[PDB]
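Next up is one chain by itself, shown in structure tokens, the form solved without the ligand.
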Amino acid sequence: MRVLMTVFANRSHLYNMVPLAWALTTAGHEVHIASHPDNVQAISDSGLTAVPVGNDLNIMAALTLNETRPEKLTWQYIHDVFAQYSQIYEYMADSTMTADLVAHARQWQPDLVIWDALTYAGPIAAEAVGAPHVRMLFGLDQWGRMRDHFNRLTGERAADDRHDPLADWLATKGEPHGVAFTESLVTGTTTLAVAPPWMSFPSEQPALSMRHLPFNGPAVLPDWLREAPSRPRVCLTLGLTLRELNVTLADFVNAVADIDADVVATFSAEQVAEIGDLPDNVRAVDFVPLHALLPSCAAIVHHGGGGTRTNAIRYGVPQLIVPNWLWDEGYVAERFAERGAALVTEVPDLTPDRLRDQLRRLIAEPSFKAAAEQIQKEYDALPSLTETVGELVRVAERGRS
């Protein structure tokens, strides 16, 4: 079958769907990855077929989606979140991008559209051709969680009092292509999850789950990784968060290194300068392939994003999470902490001493390792990518007459 996969130009959201693209490819299907022209090189570097759509995105040059306090989750708040993000997401998948993707769907006529959850050209293109479409998550389903609340609230207001910014947005987006607003434009014929069911939000809709494979991008094994591990290793990838905060970057690095293990730390040229002389047991590296590193690590310290935490899940590695707030990191961090698999320090509570002490516990108390391994066992038992391709074929077949 022909699968049209679409993702806005962002390498992380691309890598999120690379293993699924390739599972579909090696089972025999023809897979096109459609994205803005600036994502073409990344699609190439992943071994896949790029179909450029729209103009370069260049996405790099009050109302949040991670809000979970019940009192803040009013109809008016979620309404306004929807109004704002409807604009942002439009920007991220253009009328040009959307027209190019519809034109390709009409020409190629795919049997399944799989769209990155932030890429709303996906469902417009799919519906121009009655292909069933799968909304692919890239962490927890914040948008579906808010959408469920919103639709529950809406169905109990007066009828004249149910403005829906998503309906106005997506009816508008679909209009030039004869695509009518349905609710399935918002959340997909169905949704594919990348996070394990035990940490996901309850949904009023079903979600396929999957033993998510964390694609780390092109990789060359360095010599130093090739050598028999000397003694316990810890992986430190908190570079970005650390520059943010009289208490110095060197101070943070000296404390974090003061533990019974070798540290592999990812740092800029900028940061390696800013921190000056490194401790003895620290190797600074601008990038490391986690799947080559993590099998030998007693801990990983990181900002709680999906790619890195899926690697700690897959390799059974305890975590020290300093959550960022780009998507779901705070909420997932607490889920791991509750299972005994992680220790958390919020950004506002960050001291060198606090990180070191947490790291020392992860290293010393084997309960964290056991909990991380238990997590790994339950992940290994999720449906394989081959099983998932089998579900996706049932979606495209069940989606046909």
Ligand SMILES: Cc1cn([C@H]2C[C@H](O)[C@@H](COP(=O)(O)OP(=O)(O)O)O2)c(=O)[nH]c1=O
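The first residue of the sequence shown is number 1, and the count goes up from there.
Although not depicted, the form solved in complex with the ligand is the subject of the following passage.
- Query: If we take heavy atoms and a 4.5 Å cut-off, which stretch out of 175 to 183, 104 to 112, 313 to 321, 208 to 216 is in contact with the ligand in the deposited complex?
  - Reply: Result of the contact check: 208 to 216.
- Message: Check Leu290 for me: does it contact the ligand in the deposited complex (non-hydrogen atoms, 4.5 angstroms)?
- Response: Yes.
- Message: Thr266 versus the ligand, in the deposited complex: is there a non-hydrogen atom within 4.5 Å?
- Response: Result yes; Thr266 sits at the interface with the ligand in the deposited complex.
- Quick one: is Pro196 in contact with the ligand in the deposited complex, heavy atoms, 4.5 Å cut-off? Because no heavy atom of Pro196 falls inside 4.5 Å of the ligand in the deposited complex, the answer is no.
- Task: Indicate whether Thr308 is a 4.5 Å heavy atom neighbour of the ligand in the deposited complex.
- Result: Output for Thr308 is yes: heavy atoms within 4.5 Å of the ligand.
- Just give me the single entry in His303, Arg233, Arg145, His79 that has a non-hydrogen atom within 4.5 angstroms of the ligand in the deposited complex. Comparing distances to the ligand in the deposited complex, the residue within 4.5 Å is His303.
- For 1 to 38: residues with a non-hydrogen atom within 4.5 angstroms of the ligand in the deposited complex? Sequence-ordered list: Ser12, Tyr15.
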